[PDB]
Amino acid sequence: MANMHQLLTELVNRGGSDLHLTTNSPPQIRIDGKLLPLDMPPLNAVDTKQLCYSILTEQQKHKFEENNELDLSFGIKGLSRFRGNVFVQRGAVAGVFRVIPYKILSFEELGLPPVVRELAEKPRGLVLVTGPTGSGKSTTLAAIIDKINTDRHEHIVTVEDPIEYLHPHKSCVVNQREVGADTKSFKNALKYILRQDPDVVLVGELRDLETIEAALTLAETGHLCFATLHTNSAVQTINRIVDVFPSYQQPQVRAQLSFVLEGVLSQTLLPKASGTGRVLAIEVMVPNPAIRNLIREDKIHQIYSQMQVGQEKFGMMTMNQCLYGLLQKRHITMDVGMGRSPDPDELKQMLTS
Amino acid sequence: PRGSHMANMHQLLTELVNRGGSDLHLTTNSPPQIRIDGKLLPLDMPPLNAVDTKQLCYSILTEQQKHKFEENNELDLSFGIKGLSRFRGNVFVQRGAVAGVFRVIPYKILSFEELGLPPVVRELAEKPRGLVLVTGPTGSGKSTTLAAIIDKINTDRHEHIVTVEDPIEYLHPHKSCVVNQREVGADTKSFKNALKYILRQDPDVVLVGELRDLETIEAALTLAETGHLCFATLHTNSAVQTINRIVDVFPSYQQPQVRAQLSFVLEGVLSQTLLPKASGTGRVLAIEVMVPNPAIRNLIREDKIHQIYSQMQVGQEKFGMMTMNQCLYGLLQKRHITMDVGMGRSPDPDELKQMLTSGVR
Amino acid sequence: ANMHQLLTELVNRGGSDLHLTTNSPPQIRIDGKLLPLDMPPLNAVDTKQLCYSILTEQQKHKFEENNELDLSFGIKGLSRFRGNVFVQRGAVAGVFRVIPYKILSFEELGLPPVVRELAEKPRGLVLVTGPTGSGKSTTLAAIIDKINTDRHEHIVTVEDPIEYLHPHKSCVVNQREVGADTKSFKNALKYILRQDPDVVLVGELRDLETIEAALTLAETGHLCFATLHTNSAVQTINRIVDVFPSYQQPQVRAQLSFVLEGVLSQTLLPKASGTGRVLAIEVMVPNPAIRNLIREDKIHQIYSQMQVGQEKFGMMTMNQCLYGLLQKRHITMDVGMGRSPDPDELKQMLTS
Amino acid sequence: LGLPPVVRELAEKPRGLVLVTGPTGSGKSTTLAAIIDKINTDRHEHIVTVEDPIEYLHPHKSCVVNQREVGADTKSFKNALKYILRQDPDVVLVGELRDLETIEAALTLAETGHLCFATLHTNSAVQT
Ligand SMILES: Nc1ncnc2c1ncn2[C@@H]1O[C@H](COP(=O)(O)OP(=O)(O)O)[C@@H](O)[C@H]1O
Ligand SMILES: Nc1ncnc2c1ncn2[C@@H]1O[C@H](COP(=O)(O)OP(=O)(O)O)[C@@H](O)[C@H]1O
Ligand SMILES: Nc1ncnc2c1ncn2[C@@H]1O[C@H](COP(=O)(O)OP(=O)(O)O)[C@@H](O)[C@H]1O
Ligand SMILES: Nc1ncnc2c1ncn2[C@@H]1O[C@H](COP(=O)(O)OP(=O)(O)O)[C@@H](O)[C@H]1O
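Residues numbered from 1 in each chain as written, not as in the entry; some residues may be left out. Chains lettered and ligands numbered in written order. Part of a larger assembly, values for the part shown. Heavy atoms only, no water. Residues with missing side-chain atoms left out of burial classes, pairs and counts.

### Section: the overall build of chain C
Helices and strands together make up the secondary structure of chain C, namely 15 helices and 13 strands. Summarising its shape, the C-alpha atoms of chain C cover approximately 65 × 55 × 40 Å along the three principal directions. (Helix = DSSP H or I, 4+ residues; strand = E, 2+ residues; numbered from the N terminus.)

Structure representation (structure tokens):
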């Protein structure tokens, strides 16, 4: 048998993101998005209770037994910090434990093109980093924020659920607010953010109509606003913001977006061709004079054609062009690149070319 | 006058399985009774009293389950007997005494073809993300279809499946996935509470049960929008009727967001019903299948929900779609259902009449 | 002593309810009408002692807190009764109903032979309707008891309260009383499908949620019995349809057309002898024409179908039942005309 | 402040609801302080402000200016506006129209012959 400390050590050593402990299965660790069972006997109810309780204080145990649910974060000296969730299934304890990295990675390490570096220099605008869950959005935002913290003498405020990467003060003052502990909600944090003299604000996901307008106000009133969406492309991102409003407001919102939008990044993590690790495929839309006019005229669909031809001038890049490069460098397999292309026949034409 | 040598609960359930029974009954003033081929037959035992039924039923409850049963006088649960079988138990109260009913739960989950599900349902189980809705009235095969879908995912993927059920019906032992199943009223306090913590539990596939209220619908859309495969049920009878229920439960001012979200995340709508079989034994599945294509996704954003039915009529060949009448037509050519049942259940009897008279079949 | 002697009078004269209130002698309900006993009137002292003489100590403290109290109690050698005690004009008053225990047979109840066939249906919805005290529970108790004798199936009843008691015969019979065995009609039906039933009695179709349960039970392969307070078959079907919002009446009409197997609308009318009551019942048994009429929303046309499906299917309109009681001279013309839903047609039907 | 001449004429309106709206930090309180100061300078009336918190202070000039801070001077907007009609006011500043309760109170003040000033976070007249 192995205890909780040995299991967490193996999760870190193998570069995994998540450790799962549940009954009738061995401990499993998520490596590169897919689960892998550890070389251990299947757990029983005693094991899951013993392993999960081994990292809890007495009050955390008593709170867990009152609700059969528990969110927490904890540290193991000399290893890493982890965020754990404990719950109950089939009458037995179960647990999931997520890694919180100590180290912020650089732009080049993450495979982010240099145009993302320039967005950290934007004085006032809205920059959106979008993608499905676990597509690298938070790491890219943390990479941009750390460069601003390093390079500017301004005030950075983040509202996060939860706070992942920690930003010690460099040249900036960095305040990080965790929803549910430091602040009641995004709505509450955003209710007072304009009285907090911010320069750059990270608001998390544009969850509802009220948060879209709040992010638009910051970027339009002279601030640099960072936000995320769960869209898969630059065009789909712009459409989702506009389409949630009633049609007769929509004209105003397109005009505000055209002025404040300074960059849209859409990420996805694909399994590498070597069989270890994941590689970043990203679509980058940086508004040029042509695209900002297309936004105001509700000619959003001509943007894709403009992104296809504005790469050398503005550092723009369609998703298919990014997949193309990962195919040329043999970073991804042929099936993986096809499986994510929004238009596989277009990418096929590029490949035969 | 007989005492001190009563059959054990373990022994009663062991005899239930060995004799091929479907259900074990424990109630006062009756001996244990077993259902064989649909009919109850008493075992050659003395009749049970209230002490017997409570002691037998309590022998298979955890201490937390006894307290939950005593608070509501109702209790559904599942348990395993090592080396024998799994069981669904229901404990209730009648005439002031404990009563219990215990159903046999087979080890083998039925396949798509055994259930009469078209091959398009198979492909919905391969979706990497999105929302899949399985609809129909109570007992129209919704849970069984979902059990078949999750089981293929359990077999094929190395991902995390979490289900929230009230109660847990079909049980999913681990295959290639890690499967966590939370039972409302025992494992978790409520649907609302389980969904509040699910995103911190690293899920890939989630079963959320019925889209009961506005809170749950918003939770399922978030799961489906954030890159997850989310399974849910409604009690609507058609793909078009299903979409109308989702949008219309929301205030009018946020229907635009709901309509936009559905067009992106919706990957399939299955509307089932069980009709009495033509053979005279059992019921057979008639299912309407809507798989959103770019054309259907546009009608959702443009508030043209009504026009989707015309698209399903002509999406059978290309998209594997199937209107309810198109399924009833196929069941009639196969002589699986009678004519009165086919016409009497058709949502549009005029279309089905036209479909049969083609002379081209 | 005094109250125990009073309740024996109630049983011996065959009454249904005993009334105790100030400025009146004790009154007992016989055949639907109150009859005063040849006794002195009760004062406030009398009603208090009589009602309190049958109360437990916990019940005494409970009644004075609310001026209301529900209870049931037994009198050794007589019967059990359900009582309600309350306060009026500053004094205690009480009403006591008899809980019948002996189930009468189908023929003793005046039920036609077609009702006997209903207890042999394997699945569907059967509705027994009528005002309060129109004979629904005896009819239901007779039906349930025959199933218990003839079948090896599972009978579950949910009652508020339990009236007739059904010991196990060939069936397993579980009886759940609301407020003791189960919290509510809604809670019992939440678990009923997981209790492996074959025949279920759900009581009154009082709201939308219970109707969905009865229709679900009936189309999922069970025989479900339920009650309404309507006085005819058409009236009964309309009440089920009109409870729902307009946009789902097509689904409910479709459900009803398949699962409905019988509608019994009863009323107890005084016999021409002047002592006792005879049952008048409208029976609607769906034939292919009627089932189509329900789904096609031609519900008003159903009454015409019942008048001519009589010989073949055992059907009987209320007027046809009233004709027979008039032809056999069991009830008076005033009683028969008073219950006829269309007295002029009965007149045409009576004289040919 | 760059305010057009119509803003000064609004400060001379005898009655009604005048709304100065915009996002936070768009100059709403500064414009209101200039209006109230002009009213305070030119009129012999009673000004009551309900602010959360009090920003600009208005010492008495020709008007009587009472400024109530919520949480210290008064328990809430809801409680302060419940008694504002009993305080013989001519001009009332109620702050932001944050909920249904204050909006109906501000509409009642402006309906009963007072000049009421309030704010919203809207960006245009129609949107307001
Ligand atoms: N550019 C990247 N390249 C490779 N891996 C990345 C990259 N960005 C993030 N990751 C890794 O993906 C996993 C999830 O990252 P995260 O940013 O938290 O996802 P999300 O943005 O959807 O919340 C982590 O293990 C992280 O190290
Ligand atoms: N596709 C199907 N075809 C035939 N029978 C089915 C099918 N699905 C389920 N059944 C059977 O019908 C019954 C009801 O199905 P179930 O999904 O459990 O109820 P519900 O969908 O109303 O919640 C089950 O006992 C099952 O054996
Ligand atoms: N078919 C019947 N014929 C003669 N008497 C009946 C008949 N049905 C019921 N009764 C008597 O009338 C009384 C009312 O019956 P009950 O079923 O308890 O009321 P309800 O139908 O309103 O629930 C019973 O006590 C019963 O003895
Ligand atoms: N009409 C104006 N013209 C120029 N600057 C102004 C004007 N109004 C306010 N300001 C300046 O803008 C800043 C914000 O003013 P403030 O009243 O506090 O915000 P708000 O109107 O949203 O309450 C102040 O520092 C002020 O100096």
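### Things to note about the arrangement of the chains
Separated without contact, chain A and chain C have their nearest C-alpha atoms at a distance of 19 Å. Nothing in chain B touches chain D; the tightest C-alpha to C-alpha distance between them is still 15 Å. (Contact = heavy atoms within 4.5 Å.)

### Some remarks on the side chain of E267 of chain B
Residue and element names in this part refer to chain B. Along the chain, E267 turns up in strand β12 (residues 266-276). For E267, the side chain forms a polar contact with the side chain of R297, separated by 3.5 Å. Ignoring anything within four residues of it in the chain, the contact list for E267 reads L124, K127, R129, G130, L131, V132, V291, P292 and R297. (Polar contact = N/O pair within 3.5 Å; in protein donor to acceptor, adjacent residues only side chain to side chain.)

### Digging into the interface of chain B and chain A
If you look at the interface, chain B gives 31 residues, while chain A gives 37 residues. Tallying contributions element by element places strand β9 (residues 178-183) of chain B first for the side of chain B that touches chain A, with six residues. Taken together, the residues of the side of chain B that touches chain A sort by class into nine nonpolar, 14 polar and eight charged. (Nonpolar A, V, L, I, M, F, W, Y, C, P; charged D, E, K, R; others polar.)

### What about unusual backbone geometry?
Of the consecutive residues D160 of chain C and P161 of chain C, the connecting peptide bond is found in the cis state with omega at 0°. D52 of chain D connects to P53 of chain D through a cis peptide bond whose omega is 0°. Note on placement: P53 of chain D falls in the loop between β2 (46-51) and β3 (64-69). At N24 of chain A, a position not held by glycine, the phi torsion is positive, near 65°.

### Topic: the domain arrangement of chain A
Residues and elements named next belong to chain A. Here chain A is described as being made up of domain 1 (1-103) and domain 2 (104-353). For domain 1 and domain 2, the distance between their C-alpha centres works out to 32 Å. On the side of domain 2, ten residues touch domain 1, which itself brings seven residues to the contact. In terms of residue class, the side of domain 1 that touches domain 2 is built from three nonpolar, one polar and three charged. (Domains from an automatic or database assignment.)

### Observations regarding helix α4 (residues 100-111) of chain D
All names here are of chain D. The terminal C-alpha atoms of α4 lie 16 Å apart, and with twelve residues this matches the ideal 16 Å at 1.5 Å per residue to within 8%. Among the residues of α4, the N-terminal cap falls to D99, whose side-chain oxygen and the backbone nitrogen of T102 are separated by 2.9 Å. Immediately downstream of α4, the backbone of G113 shows phi near 95°, a positive value. (Expected span 1.5 Å × (residues − 1).)

### What about the domain arrangement of chain C?
Residue and element names in this part refer to chain C. Assigned domains of chain C: these are domain 1 (1-102) and domain 2 (103-352). In this assembly, seven residues from domain 1 lie in contact with ten residues from domain 2. Class assignment of the residues belonging to the side of domain 1 that touches domain 2 gives a composition of three nonpolar, one polar and three charged.

### Regarding the interface of chain B and chain C
Residue-level contacts link 39 residues of chain B with 30 residues of chain C. Where the side of chain B that touches chain C is concerned, the elements lending two or more residues are β1 (23-26), β2 (33-36), β3 (39-42), α3 (63-72), β4 (74-81), β5 (85-94), β6 (97-105) and α15 (339-345) of chain B. With five residues, the single largest contributor to the side of chain B that touches chain C is β5 of chain B. Across the side of chain B that touches chain C, the residue classes break down as nine nonpolar, 16 polar and 14 charged.

### Observations regarding the UniProt feature "binding site: Mg(2+) 1" (unreviewed entry) in chain C
All names here are of chain C. The positions UniProt marks with the feature "binding site: Mg(2+) 1" (unreviewed entry) are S137. Within the secondary structure, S137 sits in helix α5 (residues 136-150). Overall, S137 belongs to the partly exposed group, its relative accessible area being 28%. Apart from the residues within four sequence positions on either side, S137 is in contact with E163 and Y164. (UniProt positions renumbered as here; feature names shortened; annotations may be inferred. Buried < 20%, exposed > 50% of the residue type's maximum accessible area, 1.4 Å probe, protein only.)

### Regarding the site of ligand 3
Residues and elements named next belong to chain C. Close to ligand 3 lie 14 residues, the nearest being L109, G133, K136, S137 and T138. Between ligand 3 and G135, the relevant distance is 3.1 Å, taken from an oxygen atom to a main-chain nitrogen or oxygen of the residue. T138 places a polar side-chain atom, nitrogen or oxygen, 2.6 Å from a nitrogen atom of ligand 3. Protein chains bury 76% of the 570 Å² of accessible surface belonging to ligand 3 in isolation. Of the residues belonging to the shell around ligand 3, the class tally is five nonpolar, six polar and three charged. (Near = heavy atom within 4 Å. Areas by Shrake-Rupley, 256 points an atom, 1.4 Å probe, with all protein chains shown as cover.)

### Things to note about the packing of aromatic side chains
This model, assessed by the stated rule, comprises eight aromatic pairs over all chains. Three or more aromatic residues joined by ring pairs form one cluster here, namely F74, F82 and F97 of chain A. The ring of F258 of chain C has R345 of chain B lying over it, and the distance from NZ or CZ to the ring centre is 3.8 Å. (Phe/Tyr/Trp six-rings, centres within 6.5 Å; stacked < 30°, edge-to-face > 60°. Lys NZ or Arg CZ within 6 Å of the ring centre and 35° of its normal.)

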